[PDB]
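Data first, discussion second: the structure below is written as structure tokens.
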Amino acid sequence: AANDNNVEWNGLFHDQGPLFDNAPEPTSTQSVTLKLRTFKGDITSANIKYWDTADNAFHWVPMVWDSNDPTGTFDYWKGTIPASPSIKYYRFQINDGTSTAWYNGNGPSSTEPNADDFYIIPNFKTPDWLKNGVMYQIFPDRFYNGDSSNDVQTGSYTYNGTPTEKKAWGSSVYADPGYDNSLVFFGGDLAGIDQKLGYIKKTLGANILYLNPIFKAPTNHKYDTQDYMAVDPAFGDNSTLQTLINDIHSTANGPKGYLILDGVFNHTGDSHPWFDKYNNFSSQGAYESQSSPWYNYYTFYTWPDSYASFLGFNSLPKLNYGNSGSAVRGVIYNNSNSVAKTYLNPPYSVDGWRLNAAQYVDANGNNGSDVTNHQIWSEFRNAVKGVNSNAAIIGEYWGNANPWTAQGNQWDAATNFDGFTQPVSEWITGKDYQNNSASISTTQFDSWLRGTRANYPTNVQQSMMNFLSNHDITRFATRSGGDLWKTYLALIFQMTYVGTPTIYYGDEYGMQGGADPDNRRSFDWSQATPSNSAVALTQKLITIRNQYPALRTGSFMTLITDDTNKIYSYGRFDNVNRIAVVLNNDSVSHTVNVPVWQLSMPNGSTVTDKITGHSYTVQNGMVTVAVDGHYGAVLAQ
Ligand SMILES: OC[C@H]1O[C@H](O[C@H]2[C@H](O)[C@@H](O)[C@@H](O[C@H]3[C@H](O)[C@@H](O)[C@@H](OC[C@H]4O[C@H](O[C@H]5[C@H](O)[C@@H](O)[C@H](O)O[C@@H]5CO)[C@H](O)[C@@H](O)[C@@H]4O)O[C@@H]3CO)O[C@@H]2CO)[C@H](O)[C@@H](O)[C@@H]1O
Ligand SMILES: OC[C@H]1O[C@H](O[C@H]2[C@H](O)[C@@H](O)[C@@H](O[C@H]3[C@H](O)[C@@H](O)[C@H](O)O[C@@H]3CO)O[C@@H]2CO)[C@H](O)[C@@H](O)[C@@H]1O
Ligand SMILES: [Ca+2]
Ligand SMILES: [Ca+2]
Ligand SMILES: [Ca+2]
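Numbered by our numbering, the letters in the sequence shown go through residues 92 to 728 in order.
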């Protein structure tokens, strides 16, 4: 490069990784020094332009040359944004004589962007254990039956007139004639999860557990809460939970663990005493009397049969949050004995909450996604972080969750359906997560990923829950048509991408399953071993991620987007390691020239493909590697 009235886009780069930002999560008194990469001697000047919410105006910070990279190929320009409590957004203006280019969260541009600027949110922090960990999601009744004495039996009880049905482990989840799909129980419990912590924390290596609802409720999914204060008898008792938590946090069965519970706060079940639609309690619930002490906890359009609920489901009456200080906000998060604080405080001390249907939480029966909804989650954060600043808050949202994360006053992250699950599914399986035909090319995949990462602050990105499948969508192995190699490819991407890799129980061995409830099959333990190829790969990838901080918090740079051969390559790097991932989404092998020079991997240096174990030497800035179809390479040094 040179001063030739032309800014070379390929040499430009910046994100909030270690090499380019010295304060990714600054407090009110910490200044932020940023570095912009360009090819060596390519430009004449660069400036940081940032919007300050403190005064609703743009501010200018001229950059100065700082240094070259070890290969002498690039220059690093530096600039510092002053310290203050205000949220700020920034982009770069890069000049080389008569040539000008812009750069922000969405990469380089000729015209000045008006969206996707990088974020600076003083005092906003997301749990570092969440950024660096691997999550394992468990649907309680379907994981492991550690205590058959608490098993729900066929006819143990009835809900809305229908008796419960017990089914042999491994059998179909579909209820037999006369029974209901939501009242089918296999026996999985908390004791079981406890006895299997070794498999989770050692055989696989995950250190974070996320459980679906475990509080008293008549159904098998239990999102129709009957009593937030009690673990459901089928799963054990509150004492069992205390022990499970202690064993999760313990290091006697593997690395220190963390527990995240599912918080169903938008609604209760219709059998909850506050509502009591079937009169299961002597007390008078809202449905029973307009004089009920909990009458105002819900919203009736025409008492008592027409009331606000989740998506119109009468079994899930929607909670009325009212105004700040209300009784509902009280029992949900403000009170010391609220659902949120009770489990965050000892004797429980869980590590976080996954907020079910978080977008709908509101007052007066409204549908959320409004000022009140955001105000509520703001108060929720103050409540949670006040008890444990290291407790995670992950909201359920299938789209762009920027509104609940970008101001640093609500969630730490969200279920990454839009920035991970969907794009990964359409690129690799040619199906959306509902198993409908929907395919995207490699260039679309890369653009989709970048655009969605840009929706969030960096710490949020690193904390997103990235799962291949979950209890609300079809199994990845089913969308892939049973081709285990597609699962291999997906796992390699998952474990090397930005965000918390999240494994939906069973996905590690290729469990299949269609739409709810077939996506909640009981776990086949004969597959919970390295003998199973997908399990062996999962364990290896988790070891790799744990071995390289660059994969968890390092920078992300696109390297190759080949639509003809379906080759996708990107690099993850920091001050210590440089890793170039090469994914082959084609059905045939391809020999790829990986441009590792972009990550500043020195010519003559060696790299090791952590997948095959083969080593290569960097030559002419490249690493030539033959990658098998529906497989990948993780070239690290
Ligand atoms: O027989 C006719 C009917 O059969 C089939 O559907 C019926 C089901 O088989 C029945 O079990 C019954 O379903 C109701 C549930 O019993 C009741 O608990 C309630 O459940 C709703 C929903 O709750 C959760 O969903 C959460 C999501 O995970 C989350 O993404 C979202 O944000 O929040 C949701 C609420 O917390 C469970 O996970 C999920 O599994 C449950 O579906 O309501 C159910 C619907 O009334 O009745 C069904 C009647 O349709 C069959 O599918 C249907 O076509 C037939 O007409
Ligand atoms: O800022 C004023 C000058 O800016 C421009 O020159 C830049 C170069 O573009 C940049 O590469 C860097 O050059 C240094 C080089 O990287 C390093 O290897 C060498 O040892 O020292 C060089 C100079 O320090 O920094 C200079 C700025 O000093 C612009 O081209 C020039 O006309 C401006 O005067
Ligand atoms: Ca130039
Ligand atoms: Ca049991
Ligand atoms: Ca009653």
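C-beta: ideal position from N, C-alpha, C; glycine also.
Out of the options, state which residue places its alpha-carbon closest to the alpha-carbon of residue i.
i, options, result
"residue 592", "239, 278, 580, 557", "557"
"residue 652", "600, 286, 532, 125", "532"
"residue 704", "727, 711, 393, 112", "727"
"residue 149", "163, 180, 359, 413", "180"
"residue 516", "353, 108, 571", "571"
"residue 520", "541, 500, 554, 560", "560"
"residue 329", "439, 613, 585", "439"
"residue 298", "321, 272, 351, 325", "351"
"residue 680", "720, 662, 696", "720"
"residue 615", "262, 397, 335, 128", "262"
"residue 684", "391, 204, 698, 713", "713"
"residue 743", "667, 668, 656, 708", "Residue 743 falls outside the range modelled here, since the chain spans only 92 to 728, and no answer is possible."
"residue 576", "391, 678, 224", "678"
Alpha carbon to alpha carbon, what distance is there between residue j and residue i?
i, j, result
"residue 379", "residue 283", "38 Å"
"residue 345", "residue 264", "32 Å"
"residue 110", "residue 259", "54 Å"
"residue 665", "residue 640", "8 Å"
"residue 256", "residue 563", "22 Å"
"residue 108", "residue 198", "15 Å"
"residue 267", "residue 233", "18 Å"
"residue 590", "residue 221", "9 Å"
"residue 587", "residue 247", "46 Å"
"residue 676", "residue 584", "11 Å"
"residue 481", "residue 219", "8 Å"
"residue 706", "residue 724", "11 Å"
"residue 662", "residue 415", "46 Å"
"residue 357", "residue 366", "14 Å"
"residue 187", "residue 104", "16 Å"
"residue 436", "residue 478", "7 Å"
"residue 484", "residue 133", "44 Å"
"residue 637", "residue 227", "15 Å"
Inspect the beta-carbon positions of residue i and residue j and report whether they are closer than 7 Å.
i, j, result
"residue 139", "residue 183", "yes"
"residue 630", "residue 296", "yes"
"residue 596", "residue 618", "no"
"residue 606", "residue 565", "yes"
"residue 190", "residue 98", "yes"
"residue 701", "residue 635", "yes"
"residue 196", "residue 125", "no"
"residue 254", "residue 326", "no"
"residue 313", "residue 324", "no"
"residue 505", "residue 486", "yes"
"residue 552", "residue 644", "no"
"residue 322", "residue 447", "no"
"residue 122", "residue 174", "yes"
"residue 501", "residue 544", "no"
Where do the ends of the beta strand (DSSP E) carrying residue i lie?
i, result
"residue 237", "From DSSP, residue 237 is part of no beta strand (DSSP E); its letter is neither H nor E."
"residue 729", "The chain is shown only over 92 to 728; residue 729 falls outside these bounds and no answer can be derived."
"residue 648", "646-653"
"residue 182", "179-187"
"residue 210", "209-211"
"residue 705", "Premise fails: residue 705 is in no beta strand (DSSP E) and is neither H nor E."
"residue 670", "669-675"
"residue 603", "Neither: residue 603 is in no beta strand (DSSP E) and is coded neither H nor E."
"residue 404", "404-408"
"residue 681", "681-685"
"residue 391", "391-393"
"residue 229", "226-229"
"residue 592", "591-595"
"residue 199", "198-200"
Let's see if you can read the secondary structure: which residues bound the alpha helix (DSSP H) around residue i?
i, result
"residue 131", "First-last for residue 131: undefined, no H or E at that position."
"residue 575", "575-585"
"residue 731", "Here the chain covers residues 92 to 728 and nothing more, so residue 731 does not appear."
"residue 631", "624-638"
"residue 663", "Looking at the DSSP string, residue 663 is not in any alpha helix (DSSP H); the run it does join, the beta strand (DSSP E), is 658-664."
"residue 220", "219-223"
Looking at chain C, is there any beta carbon in it that lies within less than 7 Å of the beta carbon of residue i?
i, result
"residue 666", "Annotation note: the requested chain C is absent from the structure, which comprises a single protein chain."
Note down, one range per segment and in chain order, each beta strand (DSSP E) of at least 3 residues found wholly within the region 285-366. 299-302, 318-322, 349-354
Could I get the ranges of all uninterrupted alpha helix (DSSP H) runs contained in the region 490-572, with 4 residues as the minimum, in chain order? 513-519, 533-544, 549-552, 567-570
Report the residue ranges of all alpha helix (DSSP H) runs contained in full by the region 433-491; include only those spanning at least 4 residues, in chain order. 462-478
Ranges of the beta strand (DSSP E) found wholly within the region 108-173, counting only runs of at least 3: 123-130, 136-143, 148-153, 155-159, 165-172
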